[PDB]
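There are 2 protein chains.
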Amino acid sequence: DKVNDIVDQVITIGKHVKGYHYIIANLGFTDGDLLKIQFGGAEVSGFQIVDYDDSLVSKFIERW
Amino acid sequence: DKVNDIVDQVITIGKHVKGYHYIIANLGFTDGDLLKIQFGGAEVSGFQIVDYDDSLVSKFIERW
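Chains as they are written, first to last, in my numbering: chain W, 1022 to 1085; chain S, 1022 to 1085.
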């Protein structure tokens, strides 16, 4: 939650363009909305614990 | 309406930063939302037919 608030502020002040580099320090990188700071230009990195490429997880989502 | 759609797209692609100059070709410059491309950096100009500085208009708004 606190991440989306910051990300929103970042876009407002325009500090999401090429030159900036953000690192989301949590296990849910794809858990938040990234479509906003995705085309900004600034590189964004993070961590993902739930690999949606695993057939195990992929099957879970199919029912979820 | 078509202006807000464009303005929104402009902010998304980030073409609202310093260096760009937009001119809203209508008689309602303050009729649309400008708070979005206001802090972007790009200069925005337009036209206003309803002068809210006139005591005549100012009185109208007081009741409106």
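We put the CB at the ideal spot given by N, CA and C, even for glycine.
Buried versus exposed call for residue i [16 or more other C-beta atoms within 10 Å across all chains shown]
i	result
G1062(W)	exposed
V1078(S)	exposed
Sub-9 Å separation of residue i and residue j beta-carbons
i	j	result
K1057(S)	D1074(S)	no
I1082(S)	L1048(S)	no
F1060(S)	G1035(W)	yes
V1038(W)	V1038(S)	yes
Within-9 Å CB hit, residue i to chain S
i	result
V1028(W)	no
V1038(W)	yes
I1034(W)	yes
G1067(W)	no
Beta carbon proximity, residue i to chain W, threshold 9 Å
i	result
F1050(S)	no
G1053(S)	no
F1081(S)	no
8 Å CB neighbourhood of residue i in its chain, flanking five on each side removed
i	result
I1045(S)	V1024, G1053, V1065, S1066, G1067 and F1068
Contacting residues, own chain, Cβ-Cβ under 6 Å from residue i (five flanking each side not counted)
i	result
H1042(W)	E1064
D1022(S)	none
**Whole runs of the beta strand (DSSP E) within the segment 1029-1079 of chain W, excluding any shorter than 3 residues** = Entirely contained in the segment 1029-1079 of chain W, the beta strand (DSSP E) runs reaching 3 residues are, in chain order, 1042-1045 and 1064-1067.
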